[PDB]
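> Here it is: the structure, laid out below.
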Amino acid sequence: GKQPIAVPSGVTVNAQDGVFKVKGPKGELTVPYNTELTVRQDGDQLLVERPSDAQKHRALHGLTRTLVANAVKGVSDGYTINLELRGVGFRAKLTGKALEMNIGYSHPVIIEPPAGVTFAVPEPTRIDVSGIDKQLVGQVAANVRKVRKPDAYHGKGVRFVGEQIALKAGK
Amino acid sequence: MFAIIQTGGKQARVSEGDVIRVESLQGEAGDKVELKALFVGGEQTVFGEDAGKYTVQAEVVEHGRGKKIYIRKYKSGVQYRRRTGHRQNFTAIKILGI
Amino acid sequence: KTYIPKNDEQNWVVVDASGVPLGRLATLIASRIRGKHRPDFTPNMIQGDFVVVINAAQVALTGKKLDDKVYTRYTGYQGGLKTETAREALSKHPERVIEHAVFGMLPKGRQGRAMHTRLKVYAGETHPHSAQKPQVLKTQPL
Amino acid sequence: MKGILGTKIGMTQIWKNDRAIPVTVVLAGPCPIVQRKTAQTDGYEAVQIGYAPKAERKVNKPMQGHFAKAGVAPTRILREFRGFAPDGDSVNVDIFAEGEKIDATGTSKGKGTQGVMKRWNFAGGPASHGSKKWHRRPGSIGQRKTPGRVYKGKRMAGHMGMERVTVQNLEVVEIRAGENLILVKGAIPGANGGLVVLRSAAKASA
Amino acid sequence: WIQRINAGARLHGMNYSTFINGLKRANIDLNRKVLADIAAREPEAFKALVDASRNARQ
RNA sequence: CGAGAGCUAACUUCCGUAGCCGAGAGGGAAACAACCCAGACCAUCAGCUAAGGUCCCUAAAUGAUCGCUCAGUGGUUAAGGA
RNA sequence: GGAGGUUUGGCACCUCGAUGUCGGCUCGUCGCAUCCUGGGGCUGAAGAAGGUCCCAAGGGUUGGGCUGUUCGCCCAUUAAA
RNA sequence: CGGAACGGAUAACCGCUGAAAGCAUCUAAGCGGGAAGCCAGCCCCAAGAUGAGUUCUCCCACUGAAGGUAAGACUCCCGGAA
Ligand SMILES: [Mg+2]
Ligand SMILES: [Mg+2]
Ligand SMILES: [Mg+2]
Ligand SMILES: [Mg+2]
Ligand SMILES: [Mg+2]
Ligand SMILES: [Mg+2]
Ligand SMILES: [Mg+2]
Ligand SMILES: [Mg+2]
Ligand SMILES: [Mg+2]
Ligand SMILES: [Mg+2]
Ligand SMILES: [Mg+2]
Ligand SMILES: [Mg+2]
Ligand SMILES: [Mg+2]
Ligand SMILES: [Mg+2]
Ligand SMILES: [Mg+2]
Ligand SMILES: [Mg+2]
Ligand SMILES: [Mg+2]
Ligand SMILES: [Mg+2]
Ligand SMILES: [Mg+2]
Ligand SMILES: [Mg+2]
Ligand SMILES: [Mg+2]
Ligand SMILES: [Mg+2]
Ligand SMILES: [Mg+2]
Ligand SMILES: [Mg+2]
Ligand SMILES: [Mg+2]
Ligand SMILES: [Mg+2]
Ligand SMILES: [Mg+2]
Ligand SMILES: [Mg+2]
Ligand SMILES: [Mg+2]
Ligand SMILES: [Mg+2]
Ligand SMILES: [Mg+2]
Ligand SMILES: [Mg+2]
């Protein structure tokens with residue numbers, strides 16, 4: 001189980017039938033939640049209490065609590081994922097807001113951000129993604145990573161910036 | 001409006017001339033005073049053991065044999081066909097009770 | 001001996017469908033069409049009310065049914081097999097779904113065809129039949 | 001989308017550069033804009049236009065009045081082109097430019113009641129090795145008792161002819177502007193002098 | 001007969017099973033269903049029997 | 001139900017035994033000699049029930065109370081796995 | 001331990017007042033336990049060519065010599081026979 | 001000349017956020033990606049879609065179910081890559 005919280009100073013939390021609204025430095029980060037749970041807060045700090053200890057009842061508590069944790073902490077401080085391309089060539093660049101990968105294929109491979117997500121290419125072989133909705137930053141980083149998921153032999157491709165990987169042997 | 005309940009006689013708030021099953025009182029003599037379980041006299045409905053309070057007379061009008069019917073029966077591939085005559089006796093009566 | 005009447009009545013009613021399960025609403029409409037609500041004065045004649053469903057596209061299927069429910073219908077042709085439209089993509093033309101229920105329970109005879117006439121589905125919140133002045137009737141039964 | 005009517009005239013030889021090619025000459029003469037159908041007044045968007053004038057003596061009164069709404073001479077054929085919204089009258093030049101692909105739709109040549117060897121490319125059966133279905137005959141026609149059926153759809157002797165046929169990606173070879181002629185690469189269906197219609201490619205492939 | 005009786009039964013907010021159980025629960029109602037039908041064709045008396053029956057399952 | 005023969009196959013074949021069918025109508029089992037109910041003297045626009053049922057087709061509680069399964073399981077098996 | 005009913009059967013239920021039988025030819029249509037093609041997982045998968053399993057029935061699946069043959073063998077090709 | 005592209009929802013599969021177990025997990029709520037296959041897209045039929053659809057236009061309101069008639073079909077003649 002998990003329950004303790006930390007709402008900071010520059011944010012505000014509404015409440016309505018379980019489904020709250022939130023604003024702050026970047027507002028309109030609403031999330032769905034179930035009515036069967038108790039959407040609540042004291043004031044200086046929040047909580048989600050579980051009315052009943054049932055199994056399916058218990059799962060929703062931890063789901064909803066991490067979801068409020070990410071959704072509020074993202075408007076309070078934000079999320080930023082970093083990655084590196086590896087392999088011969090494998091360029092990346094920024095055209096306006098779009099990210100031009102130039103990575104091991106006959107064509108350039110472009111990605112156009114969904115709204116709220118900001119690409120950044122601090123180094124020619126360094127991708128970075130910035131945003132609030134952690135779910136969407138994760139799907140965006142995944143959409144870039146899938147373009148060349150690492151091979152089992154030499155590790156060409158997208159990698160999380162600190163990432164290690166196994167290498168099969170071969171000839 | 002109301003009708004005999006076939007099982008023997010016995011009925012509700014009528015005024016007419018109806019057939020029914022045979023009465024074992026012959027002639028127009030019977031003057032049968034039957035019990036009735038319901039009545040809408042005065043549009044005032046009355047039923048139940050209230051209707052064991054009220055009773056209606058009705059003269060016997062005529063003994064009679066109804067329209068003929070055959071009783072035919074069949075079964076396949078067994079030869080067996082059956083045929084018989086039948087007419088149901090009755091005693092028509094006209095109503096004039098309370 | 002038994003009273004029978006003339007078909008003199010012609011009655012119009014607006015069933016709602018929004019939030020209602022399908023089937024639950026469908027049997028209510030099938031009962032109103034087939035005439036059980038009034039003293040079902042004859043088998044012989046169709047004395048049921050005319051039934052004008054609205055907001056049918058807000059119909060509810062209470063299970064997983066919105067997927068995985070199937071709608072087989074044979075075009076005579078081989079390979080015209082189970083031409084399965086099944087789901088909520090049949091809510092591309094929502095009204096027939098509801099029809100298909102009540103006609104699943106309306107009689108299959110000459111008369112049973114002919115009563116389907118009086119079923120007037122309307123997936124939107126609006127219907128033309130203001131000239132009939134249909135009467136409201138609640139989706140809860142008791 | 002854009003289209004016009006005309007009449008197949010005949011076929012010929014042609015030389016674009018040095019490559020000899022078979023063209024077909026349609027005459028796509030001017031078409032009046034009779035009726036401007038809009039969805040706000042007709043439920044769907046389209047335009048109906050005419051071809052080959054009819055002597056006014058031959059018109060019904062209702063058709064003289066149909067045209068008479070539009071200030072247009074009676075024309076023996078009217079047709080509707082979906083999504084098409086021109087202005088004035090539909091001359092063929094303006095609609096087409098040389099080399100563009102255009103679908104060509106006309107009515108196939110009625111060959112009447114045709115056997116199966118002719119209609120569906122049936123095989124035939126030996127013409128000497130025993131028979132008395134020497135040619136022509138469809139042979140067997142089903143399974144046996146299970147499905148007693150013969151399939152709905154089954155191919156059989158019949159009216160091979162007269163179908164509407166569309167033919168895709170024909171190439172405008174040339175455009176004679178002041179004659180209202182239009183060359184098209186290769187063949188179009190019909191007897192000569194039948195109506196046909198030329199249109200933009202139904203699938204604009206890359 | 002039965003099919004016509006439960007129609008008025010439900011018309012009043014009872015039903016055939018409960019309504020004949022209430023017309024039986026008072027001993028004095030012994031009329032045939034056909035006569036309950038004819039009463040279903042006379043609404044006032046039918047409602048009188050409905051209130052009679054319903055005052056017997058209480 | 002109890003055996004043999006068979007492969008502890010068969011709407012298989014051969015015996016014992018009970019019941020039905022043959023010779024059996026009527027309600028149930030969608031349909032259906034064998035199963036479950038129940039043995040048709042005749043007539044009725046009368047009543048209680050059997051089996052079986054009570055959402056609509058389709059007669060009759062969208063009955064009541066504590067649960068169980070979210071699989072359409074219900075509405076086609078097992079060794080084995082979770 | 002199951003599955004399917006395509007084999008050789010068993011059984012003897014409708015058909016001996018007739019249910020034409022093997023092979024070919026002609027038309028076909030269906031299953032999928034998938035020969036090709038499409039999407040995958042693992043691979044003792046470097047690449048290429050593969051193996052094997054999963055999802056997939058839209059379409060497609062060659063012509064000849066031998067024999068009545070089905071089949072099988074062979075010629076010569078195939079995305080595949 | 002054609003099979004096709006673009007689209008949508010999908011199978012195996014691949015993932016995002018993520019609990020029930022303060023880890024981890026593509027799923028238990030939720031979301032995204034993925035086939036010659038499913039729906040749409042191409043060509044043809046089709047309102048006997050008795051649920052009979054729309055639009056444009058024409059003849060009008062005659063005399064005693066009938067009858068002369070309008071608008072307008074047909075019969076027949078001559079022919080037709082029908
Ligand atoms: Mg016998
Ligand atoms: Mg030949
Ligand atoms: Mg034959
Ligand atoms: Mg069969
Ligand atoms: Mg058949
Ligand atoms: Mg043995
Ligand atoms: Mg035997
Ligand atoms: Mg025997
Ligand atoms: Mg015998
Ligand atoms: Mg016996
Ligand atoms: Mg029996
Ligand atoms: Mg059965
Ligand atoms: Mg039966
Ligand atoms: Mg028999
Ligand atoms: Mg018998
Ligand atoms: Mg039997
Ligand atoms: Mg029993
Ligand atoms: Mg009873
Ligand atoms: Mg019982
Ligand atoms: Mg009922
Ligand atoms: Mg087990
Ligand atoms: Mg014979
Ligand atoms: Mg014969
Ligand atoms: Mg498969
Ligand atoms: Mg492959
Ligand atoms: Mg390789
Ligand atoms: Mg095949
Ligand atoms: Mg595509
Ligand atoms: Mg999934
Ligand atoms: Mg998608
Ligand atoms: Mg293709
Ligand atoms: Mg007339």
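For the structure tokens, the naming scheme is as follows: chains receive sequential letters (A, B, ...) according to their order of presentation, residues are indexed from 1 within each chain, and ligands are indexed from 1 in presentation order.
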At a cut-off of 12 Å and counting only C-alpha atoms (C1' of nucleotides) and all ligand atoms, what residues surround ligand 10? Please answer as a PDB file with C-alpha atoms (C1' of nucleotides), in the first residue's frame.


```pdb
ATOM      1  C1'   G F  19     -40.481 -50.338 -17.277  1.00  0.00           C
ATOM      2  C1'   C F  20     -42.015 -48.004 -21.881  1.00  0.00           C
ATOM      3  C1'   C F  21     -42.751 -48.871 -27.531  1.00  0.00           C
ATOM      4  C1'   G F  22     -44.873 -52.565 -30.265  1.00  0.00           C
ATOM      5  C1'   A F  23     -50.780 -52.133 -29.564  1.00  0.00           C
ATOM      6  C1'   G F  24     -50.555 -45.526 -26.601  1.00  0.00           C
ATOM      7  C1'   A F  25     -53.605 -40.767 -27.662  1.00  0.00           C
ATOM      8  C1'   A F  33     -41.701 -45.003 -30.534  1.00  0.00           C
ATOM      9  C1'   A F  34     -38.208 -45.682 -26.218  1.00  0.00           C
ATOM     10  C1'   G F  39     -53.569 -44.631 -19.565  1.00  0.00           C
TER      11        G F  39
END
```

> Could you name the residues that touch residue 193 (chain D) at 8 Å or less, counting only C-alpha atoms (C1' of nucleotides), but leaving out those on the same chain fewer than 5 positions away, as an MDAnalysis selection string?

chainID D and resid 7:10

> Take the residues from that selection and write them out as a CSV table (one decimal), in the first residue's frame, keeping N, CA, C and O atoms.


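Writing done, so here's result_37.csv:
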```
chain,number,residue,atom,x,y,z
D,7,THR,N,-19.3,11.3,-77.4
D,7,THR,CA,-19.7,10.1,-78.2
D,7,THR,C,-18.4,9.5,-78.8
D,7,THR,O,-17.6,10.2,-79.3
D,8,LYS,N,-18.3,8.2,-78.6
D,8,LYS,CA,-17.2,7.5,-79.3
D,8,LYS,C,-17.4,7.6,-80.8
D,8,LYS,O,-18.5,7.3,-81.3
D,9,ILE,N,-16.4,8.0,-81.6
D,9,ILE,CA,-16.4,8.3,-83.0
D,9,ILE,C,-15.8,7.1,-83.7
D,9,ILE,O,-16.4,6.5,-84.6
D,10,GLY,N,-14.5,6.8,-83.4
D,10,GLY,CA,-13.8,5.7,-84.0
D,10,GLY,C,-12.5,5.6,-83.4
D,10,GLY,O,-12.1,6.4,-82.6
```

> I'd like the interatomic distance between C1' of residue 56 (chain F) and CA of residue 33 (chain E), to a tenth of an Å.

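About the pair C1' of residue 56 (chain F) and CA of residue 33 (chain E): they are 24.2 Å apart.
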
> If I take CA of residue 78 (chain A) and CA of residue 157 (chain A), how far is one from the other in Å, to one decimal?

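Computing the Euclidean distance for CA of residue 78 (chain A) and CA of residue 157 (chain A) yields 26.6 Å.
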
> Just need the residues of chain C within 12 Å of chain B, counting only C-alpha atoms, so spit them out as an MDAnalysis selection string.

chainID C and resid 1:3

> Could you write out the selected residues, including C-alpha atoms, as a short mmCIF file (atom, residue, chain, number, x, y, z; two decimals), in the first residue's frame?


```cif
data_model
loop_
_atom_site.label_atom_id
_atom_site.label_comp_id
_atom_site.auth_asym_id
_atom_site.auth_seq_id
_atom_site.Cartn_x
_atom_site.Cartn_y
_atom_site.Cartn_z
CA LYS C 1 -69.91 -15.51 -25.39
CA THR C 2 -66.67 -13.59 -24.84
CA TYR C 3 -66.34 -9.87 -25.42
#
```

> Using only C-alpha atoms, select each residue of chain E with any atom at most 12 Å away from an atom of chain C, and give the selection as a PDB file with C-alpha atoms, in the first residue's frame.


```pdb
ATOM      1  CA  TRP E   1     -58.974 -15.278 -20.060  1.00  0.00           C
ATOM      2  CA  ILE E   2     -55.812 -15.323 -17.943  1.00  0.00           C
ATOM      3  CA  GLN E   3     -53.997 -13.162 -20.476  1.00  0.00           C
ATOM      4  CA  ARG E   4     -56.745 -10.578 -20.275  1.00  0.00           C
ATOM      5  CA  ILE E   5     -56.860 -10.685 -16.456  1.00  0.00           C
ATOM      6  CA  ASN E   6     -53.236  -9.862 -15.723  1.00  0.00           C
ATOM      7  CA  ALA E   7     -53.522  -6.896 -18.106  1.00  0.00           C
ATOM      8  CA  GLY E   8     -55.912  -5.033 -15.824  1.00  0.00           C
ATOM      9  CA  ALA E   9     -54.024  -6.476 -12.866  1.00  0.00           C
ATOM     10  CA  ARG E  10     -50.849  -4.689 -13.971  1.00  0.00           C
ATOM     11  CA  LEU E  11     -52.953  -1.740 -15.135  1.00  0.00           C
ATOM     12  CA  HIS E  12     -53.577  -1.176 -11.442  1.00  0.00           C
ATOM     13  CA  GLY E  13     -50.080  -2.143 -10.266  1.00  0.00           C
ATOM     14  CA  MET E  14     -50.708  -5.733  -9.237  1.00  0.00           C
ATOM     15  CA  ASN E  15     -50.400  -8.785 -11.460  1.00  0.00           C
ATOM     16  CA  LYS E  33     -61.657 -16.378 -14.895  1.00  0.00           C
ATOM     17  CA  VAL E  34     -64.067 -15.629 -17.772  1.00  0.00           C
ATOM     18  CA  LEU E  35     -66.162 -13.519 -15.384  1.00  0.00           C
ATOM     19  CA  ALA E  36     -63.015 -11.776 -14.200  1.00  0.00           C
ATOM     20  CA  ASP E  37     -62.514 -10.993 -17.905  1.00  0.00           C
ATOM     21  CA  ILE E  38     -65.959  -9.523 -18.290  1.00  0.00           C
ATOM     22  CA  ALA E  39     -65.110  -7.443 -15.217  1.00  0.00           C
ATOM     23  CA  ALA E  40     -61.839  -6.431 -16.910  1.00  0.00           C
ATOM     24  CA  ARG E  41     -64.188  -4.988 -19.556  1.00  0.00           C
ATOM     25  CA  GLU E  42     -65.896  -3.003 -16.740  1.00  0.00           C
ATOM     26  CA  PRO E  43     -63.035  -1.129 -15.074  1.00  0.00           C
ATOM     27  CA  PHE E  46     -62.412  -4.727 -11.645  1.00  0.00           C
TER      28      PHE E  46
END
```

> Where does DSSP see alpha helix (DSSP H) in chain E, if you list the residues as a PyMOL selection string?

chain E and resi 2-11+16-25+33-40+43-54

> Please identify all protein, DNA and RNA residues within 9 Å of ligand 26, counting only C-alpha atoms (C1' of nucleotides) and all ligand atoms, and report them as a PDB file with N, CA, C and O atoms (P, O5', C5', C4', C3', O3' and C1' of nucleotides), in the first residue's frame.


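What landed in pocket20.pdb:
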```
ATOM      1  P     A G  45      20.817 -21.406 -36.033  1.00  0.00           P
ATOM      2  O5'   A G  45      20.300 -19.941 -36.330  1.00  0.00           O
ATOM      3  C5'   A G  45      20.857 -18.841 -35.636  1.00  0.00           C
ATOM      4  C4'   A G  45      20.571 -17.551 -36.353  1.00  0.00           C
ATOM      5  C3'   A G  45      21.644 -16.477 -36.241  1.00  0.00           C
ATOM      6  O3'   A G  45      22.694 -16.669 -37.189  1.00  0.00           O
ATOM      7  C1'   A G  45      19.487 -15.537 -35.842  1.00  0.00           C
ATOM      8  P     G G  47      21.883 -11.791 -38.877  1.00  0.00           P
ATOM      9  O5'   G G  47      22.356 -11.308 -40.317  1.00  0.00           O
ATOM     10  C5'   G G  47      22.844  -9.997 -40.521  1.00  0.00           C
ATOM     11  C4'   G G  47      23.472  -9.870 -41.882  1.00  0.00           C
ATOM     12  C3'   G G  47      22.753 -10.577 -43.017  1.00  0.00           C
ATOM     13  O3'   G G  47      21.589  -9.897 -43.464  1.00  0.00           O
ATOM     14  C1'   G G  47      25.054 -11.022 -43.172  1.00  0.00           C
ATOM     15  P     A G  48      20.165 -10.641 -43.522  1.00  0.00           P
ATOM     16  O5'   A G  48      20.208 -11.488 -44.864  1.00  0.00           O
ATOM     17  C5'   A G  48      20.759 -10.941 -46.048  1.00  0.00           C
ATOM     18  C4'   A G  48      21.141 -12.034 -47.007  1.00  0.00           C
ATOM     19  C3'   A G  48      20.217 -13.244 -47.032  1.00  0.00           C
ATOM     20  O3'   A G  48      19.076 -13.037 -47.842  1.00  0.00           O
ATOM     21  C1'   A G  48      22.449 -13.972 -46.900  1.00  0.00           C
ATOM     22  P     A G  49      17.721 -13.873 -47.618  1.00  0.00           P
ATOM     23  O5'   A G  49      18.151 -15.406 -47.707  1.00  0.00           O
ATOM     24  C5'   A G  49      18.212 -16.085 -48.954  1.00  0.00           C
ATOM     25  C4'   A G  49      18.669 -17.511 -48.777  1.00  0.00           C
ATOM     26  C3'   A G  49      17.764 -18.401 -47.944  1.00  0.00           C
ATOM     27  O3'   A G  49      16.642 -18.922 -48.634  1.00  0.00           O
ATOM     28  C1'   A G  49      19.927 -18.580 -47.104  1.00  0.00           C
ATOM     29  P     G G  50      15.414 -19.449 -47.743  1.00  0.00           P
ATOM     30  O5'   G G  50      16.079 -20.628 -46.921  1.00  0.00           O
ATOM     31  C5'   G G  50      15.355 -21.252 -45.887  1.00  0.00           C
ATOM     32  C4'   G G  50      16.257 -21.840 -44.844  1.00  0.00           C
ATOM     33  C3'   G G  50      15.535 -22.478 -43.695  1.00  0.00           C
ATOM     34  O3'   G G  50      15.049 -23.748 -44.058  1.00  0.00           O
ATOM     35  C1'   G G  50      17.362 -21.205 -42.907  1.00  0.00           C
TER      36        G G  50
END
```

> Which polymer residues have any atom within 7 Å of an atom of residue 47 (chain A), counting only C-alpha atoms (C1' of nucleotides), with same-chain residues fewer than 6 positions away left out, as a list in words?

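The filter keeps residues 3, 4, 5, 40 and 41 of chain A.
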
> Write out as a PyMOL selection string every residue belonging to chain C that has an atom at most 12 Å from any atom of chain G, counting only C-alpha atoms (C1' of nucleotides).

chain C and resi 77-79+81

> Store the residues picked out above, limited to N, CA, C and O atoms, as a compact mmCIF listing (two decimals), in the first residue's frame.


```
# COMPACT_ATOMS: atom_id res chain seq x y z
N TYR C 77 -25.33 -16.07 -50.97
CA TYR C 77 -24.06 -16.43 -51.60
C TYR C 77 -23.14 -17.18 -50.64
O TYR C 77 -23.06 -16.89 -49.44
N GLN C 78 -22.47 -18.19 -51.18
CA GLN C 78 -21.38 -18.82 -50.48
C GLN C 78 -20.22 -17.85 -50.33
O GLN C 78 -19.80 -17.20 -51.29
N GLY C 79 -19.69 -17.78 -49.13
CA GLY C 79 -18.79 -16.74 -48.76
C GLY C 79 -19.50 -15.48 -48.33
O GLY C 79 -18.90 -14.65 -47.65
N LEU C 81 -21.61 -15.90 -46.26
CA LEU C 81 -21.43 -16.28 -44.87
C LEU C 81 -21.52 -15.14 -43.86
O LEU C 81 -21.21 -13.98 -44.18
```

> At a cut-off of 10 Å, list the chain C residues touching chain F, using only C-alpha atoms (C1' of nucleotides), as an MDAnalysis selection string.

chainID C and resid 1:2 23:24 26:31 34 63:65 68:69 101:108 140:142

> Mind checking which residues fall within 8 Å of region 39-43 of chain G, counting only C-alpha atoms (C1' of nucleotides), ignoring those fewer than 5 positions away in the same chain, and posting them as a list in words?

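Listing them by chain and then by number gives residues 51, 53, 54, 55 and 56 of chain G; 12, 13, 34 and 35 of chain H.
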
> If the limit is 12 Å from any atom of ligand 19, counting only C-alpha atoms (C1' of nucleotides) and all ligand atoms, which residues qualify? Return them as number ranges by chain.

F: 37, 49-54

> Write to file, as a PDB file, in the first residue's frame, the residues of the selection just made, with N, CA and C atoms (P, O5', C5', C4', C3', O3' and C1' of nucleotides).


```
ATOM      1  P     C F  37     -41.742 -40.285 -14.033  1.00  0.00           P
ATOM      2  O5'   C F  37     -43.004 -39.357 -14.423  1.00  0.00           O
ATOM      3  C5'   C F  37     -43.284 -38.189 -13.656  1.00  0.00           C
ATOM      4  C4'   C F  37     -44.242 -37.208 -14.295  1.00  0.00           C
ATOM      5  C3'   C F  37     -45.702 -37.609 -14.426  1.00  0.00           C
ATOM      6  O3'   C F  37     -46.424 -37.616 -13.191  1.00  0.00           O
ATOM      7  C1'   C F  37     -45.017 -36.491 -16.395  1.00  0.00           C
ATOM      8  P     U F  49     -53.502 -25.168  -7.369  1.00  0.00           P
ATOM      9  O5'   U F  49     -53.006 -26.397  -8.273  1.00  0.00           O
ATOM     10  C5'   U F  49     -51.764 -27.064  -8.063  1.00  0.00           C
ATOM     11  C4'   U F  49     -51.886 -28.566  -8.248  1.00  0.00           C
ATOM     12  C3'   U F  49     -50.771 -29.243  -9.029  1.00  0.00           C
ATOM     13  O3'   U F  49     -49.578 -29.417  -8.266  1.00  0.00           O
ATOM     14  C1'   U F  49     -52.862 -30.053  -9.795  1.00  0.00           C
ATOM     15  P     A F  50     -48.102 -29.291  -8.928  1.00  0.00           P
ATOM     16  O5'   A F  50     -47.949 -30.641  -9.765  1.00  0.00           O
ATOM     17  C5'   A F  50     -48.305 -31.877  -9.159  1.00  0.00           C
ATOM     18  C4'   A F  50     -47.843 -33.067  -9.953  1.00  0.00           C
ATOM     19  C3'   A F  50     -46.568 -32.867 -10.745  1.00  0.00           C
ATOM     20  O3'   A F  50     -45.424 -33.068  -9.941  1.00  0.00           O
ATOM     21  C1'   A F  50     -48.216 -33.811 -12.134  1.00  0.00           C
ATOM     22  P     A F  51     -44.330 -31.910  -9.812  1.00  0.00           P
ATOM     23  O5'   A F  51     -43.419 -32.200 -11.087  1.00  0.00           O
ATOM     24  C5'   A F  51     -42.944 -33.523 -11.316  1.00  0.00           C
ATOM     25  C4'   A F  51     -42.712 -33.857 -12.778  1.00  0.00           C
ATOM     26  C3'   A F  51     -41.865 -32.900 -13.591  1.00  0.00           C
ATOM     27  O3'   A F  51     -40.482 -33.065 -13.338  1.00  0.00           O
ATOM     28  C1'   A F  51     -43.742 -33.506 -14.844  1.00  0.00           C
ATOM     29  P     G F  52     -39.542 -31.804 -12.999  1.00  0.00           P
ATOM     30  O5'   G F  52     -39.814 -30.756 -14.188  1.00  0.00           O
ATOM     31  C5'   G F  52     -39.313 -30.974 -15.512  1.00  0.00           C
ATOM     32  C4'   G F  52     -40.031 -30.138 -16.560  1.00  0.00           C
ATOM     33  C3'   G F  52     -39.856 -28.630 -16.451  1.00  0.00           C
ATOM     34  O3'   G F  52     -38.659 -28.168 -17.040  1.00  0.00           O
ATOM     35  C1'   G F  52     -42.152 -29.112 -16.636  1.00  0.00           C
ATOM     36  P     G F  53     -37.887 -26.919 -16.391  1.00  0.00           P
ATOM     37  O5'   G F  53     -39.017 -25.822 -16.194  1.00  0.00           O
ATOM     38  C5'   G F  53     -38.804 -24.464 -16.544  1.00  0.00           C
ATOM     39  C4'   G F  53     -40.116 -23.841 -16.936  1.00  0.00           C
ATOM     40  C3'   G F  53     -40.370 -22.422 -16.432  1.00  0.00           C
ATOM     41  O3'   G F  53     -39.876 -21.439 -17.339  1.00  0.00           O
ATOM     42  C1'   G F  53     -42.244 -23.820 -15.949  1.00  0.00           C
ATOM     43  P     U F  54     -38.969 -20.208 -16.836  1.00  0.00           P
ATOM     44  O5'   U F  54     -39.992 -19.026 -16.529  1.00  0.00           O
ATOM     45  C5'   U F  54     -40.982 -18.609 -17.463  1.00  0.00           C
ATOM     46  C4'   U F  54     -41.975 -17.690 -16.791  1.00  0.00           C
ATOM     47  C3'   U F  54     -41.356 -16.692 -15.818  1.00  0.00           C
ATOM     48  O3'   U F  54     -40.923 -15.506 -16.458  1.00  0.00           O
ATOM     49  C1'   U F  54     -43.156 -17.823 -14.758  1.00  0.00           C
TER      50        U F  54
END
```

> Hey, what's within 9 Å of residue 26 (chain G) if we count only C-alpha atoms (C1' of nucleotides) and toss same-chain stuff fewer than 6 positions away? As a ChimeraX atom specification, please?

/D:122-125,137-141

> Distance limit 12 Å, reference ligand 3, atoms considered: only C-alpha atoms (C1' of nucleotides) and all ligand atoms. Which residues make the cut? Give them as a PyMOL selection string.

(chain D and resi 139-146+148) or (chain G and resi 19-20)

> Compute the set of chain B residues within 10 Å of chain E, using only C-alpha atoms, and express it as a list in words.

residues 1, 2, 3, 4, 5, 6, 7, 10, 11, 12, 36, 37, 38, 39, 40, 43, 44, 45, 46, 47, 48, 49, 50, 51 and 52 of chain B

> Hey, which residues come within 10 Å of ligand 12 if we count only C-alpha atoms (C1' of nucleotides) and all ligand atoms? Could you give them as a VMD selection string?

chain F and resid 29 to 32 35

> Taking only C-alpha atoms (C1' of nucleotides) and all ligand atoms into account, which residues are within 10 Å of ligand 8, as a list in words?

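Those residues are residues 12 and 13 of chain F; 11, 12 and 13 of chain G.
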